[PDB]
Amino acid sequence: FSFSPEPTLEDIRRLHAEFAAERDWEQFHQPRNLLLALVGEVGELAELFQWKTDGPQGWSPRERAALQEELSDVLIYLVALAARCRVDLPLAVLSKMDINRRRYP
Amino acid sequence: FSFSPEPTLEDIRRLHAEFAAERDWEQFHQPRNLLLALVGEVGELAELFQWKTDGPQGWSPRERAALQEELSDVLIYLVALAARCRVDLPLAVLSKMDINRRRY
Amino acid sequence: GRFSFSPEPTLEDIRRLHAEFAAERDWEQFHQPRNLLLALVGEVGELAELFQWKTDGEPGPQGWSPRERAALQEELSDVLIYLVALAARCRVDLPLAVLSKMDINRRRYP
Amino acid sequence: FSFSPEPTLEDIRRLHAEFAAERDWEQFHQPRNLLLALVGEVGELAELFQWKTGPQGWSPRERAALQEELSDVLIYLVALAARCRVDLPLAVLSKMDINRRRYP
Ligand SMILES: CC(C)[C@]12O[C@H]1[C@@H]1O[C@]13[C@]1(O[C@H]1C[C@H]1C4=C(CC[C@@]13C)C(=O)OC4)[C@@H]2O
Ligand SMILES: CC(C)[C@]12O[C@H]1[C@@H]1O[C@]13[C@]1(O[C@H]1C[C@H]1C4=C(CC[C@@]13C)C(=O)OC4)[C@@H]2O
Ligand SMILES: CC(C)[C@]12O[C@H]1[C@@H]1O[C@]13[C@]1(O[C@H]1C[C@H]1C4=C(CC[C@@]13C)C(=O)OC4)[C@@H]2O
Ligand SMILES: CC(C)[C@]12O[C@H]1[C@@H]1O[C@]13[C@]1(O[C@H]1C[C@H]1C4=C(CC[C@@]13C)C(=O)OC4)[C@@H]2O
Ligand SMILES: [Mg+2]
Ligand SMILES: [Mg+2]
Ligand SMILES: [Mg+2]
Ligand SMILES: [Mg+2]
Numbered sequence: 023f024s025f026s027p028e029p030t031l032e033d034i035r036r037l038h039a040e041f042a043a044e045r046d047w048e049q050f051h052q053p054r055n056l057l058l059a060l061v062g063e064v065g066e067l068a069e070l071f072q073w074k075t076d077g081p082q083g084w085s086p087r088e089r090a091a092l093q094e095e096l097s098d099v100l101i102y103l104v105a106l107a108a109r110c111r112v113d114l115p116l117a118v119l120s121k122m123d124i125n126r127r128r129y130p
Numbered sequence: 023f024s025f026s027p028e029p030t031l032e033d034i035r036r037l038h039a040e041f042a043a044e045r046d047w048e049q050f051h052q053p054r055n056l057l058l059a060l061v062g063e064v065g066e067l068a069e070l071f072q073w074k075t076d080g081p082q083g084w085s086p087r088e089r090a091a092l093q094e095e096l097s098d099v100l101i102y103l104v105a106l107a108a109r110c111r112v113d114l115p116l117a118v119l120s121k122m123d124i125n126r127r128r129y
Numbered sequence: 021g022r023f024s025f026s027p028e029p030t031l032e033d034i035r036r037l038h039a040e041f042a043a044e045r046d047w048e049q050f051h052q053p054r055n056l057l058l059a060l061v062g063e064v065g066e067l068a069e070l071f072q073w074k075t076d077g078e079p080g081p082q083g084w085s086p087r088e089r090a091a092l093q094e095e096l097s098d099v100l101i102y103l104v105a106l107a108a109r110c111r112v113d114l115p116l117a118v119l120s121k122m123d124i125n126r127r128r129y130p
Numbered sequence: 023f024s025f026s027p028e029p030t031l032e033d034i035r036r037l038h039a040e041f042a043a044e045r046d047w048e049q050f051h052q053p054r055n056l057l058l059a060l061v062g063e064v065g066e067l068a069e070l071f072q073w074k075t080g081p082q083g084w085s086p087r088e089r090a091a092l093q094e095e096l097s098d099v100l101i102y103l104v105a106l107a108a109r110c111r112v113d114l115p116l117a118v119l120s121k122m123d124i125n126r127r128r129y130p
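Protein chains in written order, with the authors' numbering: chain E, 23 to 77, 81 to 130; chain G, 23 to 76, 80 to 129; chain A, 21 to 130; chain C, 23 to 75, 80 to 130.
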């Protein structure tokens, strides 16, 4: 299994910044607003799993549709938040992976 | 302001699965474990912000170090979760954005 | 006078009420700890959705719209119900655990 | 299994309000501050469970952590309800009525 090669994280940051700036929403995207929107989307992701004990690759296409959306909503707000904080998220993830290799040899 | 072009979401998925297999951690990466690890990291992000009543850009280097690392972990667990579910996260994001444009 | 909670239901009352609600529907079989935990997370997220675009500033939640206030009451209530259920399902005596946490907090912040 | 009869929710609110007043902390207890701190405590609870594909069979130290994090979540939920002037025990009764109509 693997992801498609695109959109990348930068693609996602650009599409969302453009989406938001065309609608004059950037004035609502203070960090703590985006962090709570993230929390709320993580909450909608959790509602999909809450009555489903470990035993999603076998869910129906329809309930995998709801899962794709909620995973996407989390990612979009996470990218918005990181960008609002001037954090280069793909490089931060390489720095974190490097730390993890050294901590767990 | 922008992000660097690499690693990609698929880059991240790969690095972390190899990292996890090499340590026989796959066995702990059932969907709901990864969902709850994601929740734990979002909480660590909230603890950074909880008493910042009403600017990350001009935060101290230690706080910016904490922010970068927690945002990274959220993204890693999110990618790993989506892979464990066999969801193509980049295309799903693109579908969602269309939904978002149709809704607004 | 100054603001107060009502005296009932207590935490034990809520545990009983919720257990009866589940028993009436045959739902206890779905109330494994990790199920209730993720249910709590979903409700915490619905609470966050009420506040996400609302910057802090008096008057605050007390000056919200009637339906916004109703949604706040229902969301705070939902978090509490699943917390009680989770604690009960883990065999945690929540009222006494609170007393014990308040002593921990007094030592940490003398 | 049952809960002890005390402290009630009103007891918890008073104890925490006096604890906060004594330390001059009520100035930091804006609603979104308390909400984010609640989110943080929920994350710590998530962490006790994340790698656990039963709580009663957990070690005494893990059960101690579980008691403490459940209690933290409850104190911040209480603090937030009060800061919002929500009579939390009565709201619960209304909520149970709502649930009975949603699920006849
Ligand atoms: C005032 C109230 C009726 C209100 O809820 C708020 C917010 O102002 C928004 C809202 O319109 C909705 C759509 C929101 C949206 C944002 C940014 C902010 C929102 C614009 C985002 O990130 O995605 C969705 C509505 O007017
Ligand atoms: C199968 C799927 C569409 C499903 O979602 C699940 C769960 O099985 C439930 C569900 O009916 C809904 C409502 C749920 C409910 C419970 C416990 C379990 C639920 C019964 C609870 O705690 O409050 C609400 C539906 O069948
Ligand atoms: C058994 C207990 C002491 C235990 O907590 C568990 C889990 O087994 C882990 C743990 O070792 C820690 C590190 C964990 C790690 C994971 C995946 C699973 C963990 C391996 C991950 O992706 O992030 C880091 C520890 O032994
Ligand atoms: C400035 C920073 C290092 C700072 O973190 C903030 C907050 O001001 C607090 C803090 O001191 C810690 C303890 C905090 C506390 C509160 C209320 C607010 C806190 C007082 C609460 O509810 O429980 C714990 C520190 O100065
Ligand atoms: Mg959503
Ligand atoms: Mg972390
Ligand atoms: Mg609800
Ligand atoms: Mg804690």
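All C-beta atoms, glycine included, are put in the ideal place defined by N, C-alpha and C.
- prompt: Based on Cα-Cα distance, which residue from C:87, C:97 and C:123 lies nearest to residue 38 (chain C)?
  reply: For this step, residue 38 (chain C) is matched to residue 16 along the fourth sequence. Of the candidates C:87, C:97 and C:123, C:97 places its Cα closest to the Cα of residue 38 (chain C).
message: Using a Cβ-based criterion (distance less than 7 Å to any ligand heavy atom), does residue 98 (chain G) qualify as near ligand 6?
response: Position 73 of the second sequence, counted from the first residue, corresponds to residue 98 (chain G). Answer for residue 98 (chain G): yes, Cβ within range of ligand 6.
Enclosing alpha helix (DSSP H) for residue 123 (chain C) [first to last residue]: In the fourth sequence, residue 123 (chain C) corresponds to position 97, counting from 1. Where residue 123 (chain C) is concerned, the enclosing alpha helix (DSSP H) stretches over 114 to 128.
message: Which residue marks the beginning of the alpha helix (DSSP H) containing residue 36 (chain E), and which one marks its end?
response: Position 14 of the first sequence, counting from 1, holds the residue named residue 36 (chain E). Where residue 36 (chain E) is concerned, the enclosing alpha helix (DSSP H) stretches over 31 to 44.
- request: Establish whether the CB of residue 113 (chain C) and some CB of chain A are separated by less than 8 Å.
  value: One-based indexing of the fourth sequence puts residue 113 (chain C) at position 87. Put simply, the CB of residue 113 (chain C) is near chain A, with a gap under 8 Å to one of its CB atoms.
field: Beta-carbon gap between residue 52 (chain G) and residue 59 (chain C) smaller than 8 Å
entry: In the second sequence, residue 52 (chain G) corresponds to position 30, counting from 1. In the fourth sequence, residue 59 (chain C) corresponds to position 37, counting from 1. The answer is no: Cβ separation not under 8 Å.
Residue 48 (chain E) versus residue 36 (chain E): straight-line alpha-carbon distance, rounded: Within the first sequence, the letter at position 26 stands for residue 48 (chain E). Within the first sequence, the letter at position 14 stands for residue 36 (chain E). Rounded to the nearest whole angstrom, the CA to CA distance from residue 48 (chain E) to residue 36 (chain E) is 13 Å.
field: Interface flag, residue 123 (chain G) vs chain E, CB-CB below 8 Å
entry: Here residue 123 (chain G) refers to the residue found at position 98 of the second sequence. No, residue 123 (chain G) lies away from the interface with chain E (no Cβ there is under 8 Å from its Cβ).
query: Do you know offhand how far residue 109 (chain A)'s Cα is from residue 103 (chain A)'s?
result: Residue mapping note: residue 109 (chain A) aligns to position 89 of the third sequence, counting from 1. Residue mapping note: residue 103 (chain A) aligns to position 83 of the third sequence, counting from 1. Here the C-alpha atom of residue 109 (chain A) lies approximately 10 Å from the C-alpha atom of residue 103 (chain A).
task: Measure the C-alpha to C-alpha separation of residue 74 (chain G) and residue 50 (chain G) and round it to an integer number of angstroms.
output: Taking the second sequence and counting its residues from 1, one reaches residue 74 (chain G) at position 52. Taking the second sequence and counting its residues from 1, one reaches residue 50 (chain G) at position 28. Cα to Cα, the separation comes out at about 35 Å.
query: When every heavy atom of ligand 7 is checked, does at least one fall within less than 7 Å of the C-beta of residue 94 (chain A)?
result: For this step, residue 94 (chain A) is matched to residue 74 along the third sequence. Result yes, Cβ under 7 Å from ligand 7.
- prompt: Which of helix, strand or coil does DSSP assign to residue 52 (chain C)?
  reply: As a first step, residue 52 (chain C) is located in the fourth sequence; it is residue number 30 there, counting from the start. Here residue 52 (chain C) sits in coil by DSSP.
query: Would you say residue 99 (chain C) reaches chain E, if we count a Cβ-Cβ gap shorter than 8 Å as a contact?
result: Along the fourth sequence, one-based indexing puts residue 99 (chain C) at 73. Answer no: the Cβ-Cβ gap between residue 99 (chain C) and chain E never drops below 8 Å.
query: Looking at C-alpha atoms only, which residue of A:80, A:62, A:54 and A:117 is the closest neighbour of residue 93 (chain C)?
result: Taking the fourth sequence and counting its residues from 1, the one referred to as residue 93 (chain C) is at position 67. Nearest C-alpha to residue 93 (chain C): A:117.
field: Three-state secondary structure (DSSP) of residue 93 (chain G)
entry: Residue 93 (chain G) sits at position 68 when you count from the first residue of the second sequence. Here residue 93 (chain G) carries a helix assignment [DSSP, helix/strand/coil].
message: Check whether chain E comes within 8 Å of residue 128 (chain C), counting only Cβ atoms and requiring the distance to be less than that.
response: Residue 128 (chain C) sits at position 102 when you count from the first residue of the fourth sequence. No, because no Cβ of chain E sits closer than 8 Å to the Cβ of residue 128 (chain C).
task: Could you tell me if the beta carbon of residue 88 (chain G) falls within a distance shorter than 7 Å of some heavy atom in ligand 6?
output: For the purposes of this step, residue 88 (chain G) is identified with residue 63 of the second sequence, where counting begins at 1. No.
- prompt: What number of angstroms, rounded off, separates the C-alpha of residue 119 (chain G) from the C-alpha of residue 87 (chain E)?
  reply: Position 94 of the second sequence, counted from the first residue, corresponds to residue 119 (chain G). Position 62 of the first sequence, counted from the first residue, corresponds to residue 87 (chain E). It is roughly 17 Å from the alpha-carbon of residue 119 (chain G) to the alpha-carbon of residue 87 (chain E).
- prompt: How about residue 31 (chain E): is its C-beta nearer than 8 Å to some C-beta of chain G?
  reply: For the purposes of this step, residue 31 (chain E) is identified with residue 9 of the first sequence, where counting begins at 1. Taking 8 Å as the CB threshold, residue 31 (chain E) lines the interface with chain G.
- request: Would you mind giving the Cβ-Cβ distance between residue 95 (chain G) and residue 63 (chain G), rounded to the nearest angstrom? I have them listed as a contact below 8 Å.
  value: Taking the second sequence and counting its residues from 1, the one referred to as residue 95 (chain G) is at position 70. Taking the second sequence and counting its residues from 1, the one referred to as residue 63 (chain G) is at position 41. Rounded to whole angstroms, the Cβ separation of residue 95 (chain G) and residue 63 (chain G) is 6 Å, and the two are in contact under 8 Å.
query: Measuring CA to CA, which of E:126, E:30 and E:129 is closest to residue 26 (chain G)?
result: In the second sequence, counting from the first residue as 1, residue 26 (chain G) sits at position 4. It is E:30.
task: Quick one: grab the DSSP three-state call for residue 111 (chain G).
output: Within the second sequence, numbered from 1, the residue matching residue 111 (chain G) stands at position 86. Coil.
- prompt: Is residue 126 (chain E) closer than 8 Å to residue 41 (chain G) when the C-beta atoms are compared?
  reply: Against the second sequence, residue 41 (chain G) aligns to sequence position 19. Against the first sequence, residue 126 (chain E) aligns to sequence position 101. Closer than 8 Å, so yes.
Of the residues C:34, C:115 and C:106, the one placed nearest residue 101 (chain A), counting alpha carbons only: Locating residue 101 (chain A) in the third sequence gives position 81, where the first residue counts as 1. For the set C:34, C:115 and C:106, the Cα lying nearest the Cα of residue 101 (chain A) is the one of C:115.
message: Just to confirm, is the Cβ distance from residue 129 (chain E) to residue 89 (chain G) under 8 Å?
response: Along the first sequence, one-based indexing puts residue 129 (chain E) at 104. Along the second sequence, one-based indexing puts residue 89 (chain G) at 64. Result no, Cβ atoms of residue 129 (chain E) and residue 89 (chain G) do not sit closer than 8 Å.
task: Please find out if some non-hydrogen atom of ligand 5 comes closer than 7 Å to the beta-carbon of residue 66 (chain E).
output: Residue 66 (chain E) sits at position 44 when you count from the first residue of the first sequence. For residue 66 (chain E), the distance from the CB to the nearest heavy atom of ligand 5 is below 7 Å.
query: For ligand 4, which residues count as neighbours when the test is a C-beta closer than 6 Å to any heavy atom?
result: My final list is G:73, C:47 and C:50.
task: Identify each residue in the region 36 to 62 of chain A for which the Cβ-Cβ distance to at least one residue of chain G is less than 9 Å, and report them in chain order.
output: Within the region 36 to 62 of chain A, the qualifying residues are 54, 57, 58 and 61.
message: Rounding to the nearest angstrom, what Cα-Cα distance links residue 111 (chain G) and residue 66 (chain G) in this structure?
response: Counted from its first residue, the second sequence places residue 111 (chain G) at position 86. Counted from its first residue, the second sequence places residue 66 (chain G) at position 44. Roughly 27 Å between the two C-alpha positions.
message: Quick check: does the Cβ of residue 69 (chain G) come within less than 7 Å of any heavy atom belonging to ligand 6?
response: By 1-based counting over the second sequence, the position of residue 69 (chain G) is 47. Because no heavy atom of ligand 6 lies under 7 Å away, the Cβ of residue 69 (chain G) does not count as near it: no.
Short Cβ contact (8 Å threshold) for residue 105 (chain E) with residue 56 (chain E): To locate residue 105 (chain E), count along the first sequence from 1; it is residue 80. To locate residue 56 (chain E), count along the first sequence from 1; it is residue 34. Taking 8 Å as the Cβ cut-off, residue 105 (chain E) and residue 56 (chain E) qualify as a contacting pair.
- prompt: Applying the criterion that 16 or more other CB atoms from any shown protein chain within 10 Å of the CB defines a buried residue, is residue 43 (chain G) buried or exposed?
  reply: Numbered from 1 along the second sequence, position 21 holds the residue referred to as residue 43 (chain G). So residue 43 (chain G) ends up on the exposed side.
Residue 77 (chain A) versus C:113, C:54 and C:33, residue with shortest Cα-Cα distance: Numbered from its first residue, the third sequence carries residue 77 (chain A) at position 57. For the residues C:113, C:54 and C:33, the minimum Cα distance to residue 77 (chain A) belongs to C:54.
message: Please report whether the beta-carbon of residue 107 (chain G) lies at a distance below 8 Å from any beta-carbon of chain E.
response: Here residue 107 (chain G) is taken as the residue at index 82 of the second sequence, counted from 1. Chain E, which has a Cβ nearer than 8 Å to the Cβ of residue 107 (chain G), makes this yes.
query: Quick one: what does DSSP say residue 87 (chain G) is sitting in, helix, strand or coil?
result: Counting from one through the second sequence, the residue named residue 87 (chain G) turns up at place 62. In the three-state scheme derived from DSSP, where H, G and I count as helix and E and B as strand, residue 87 (chain G) is classed as helix.
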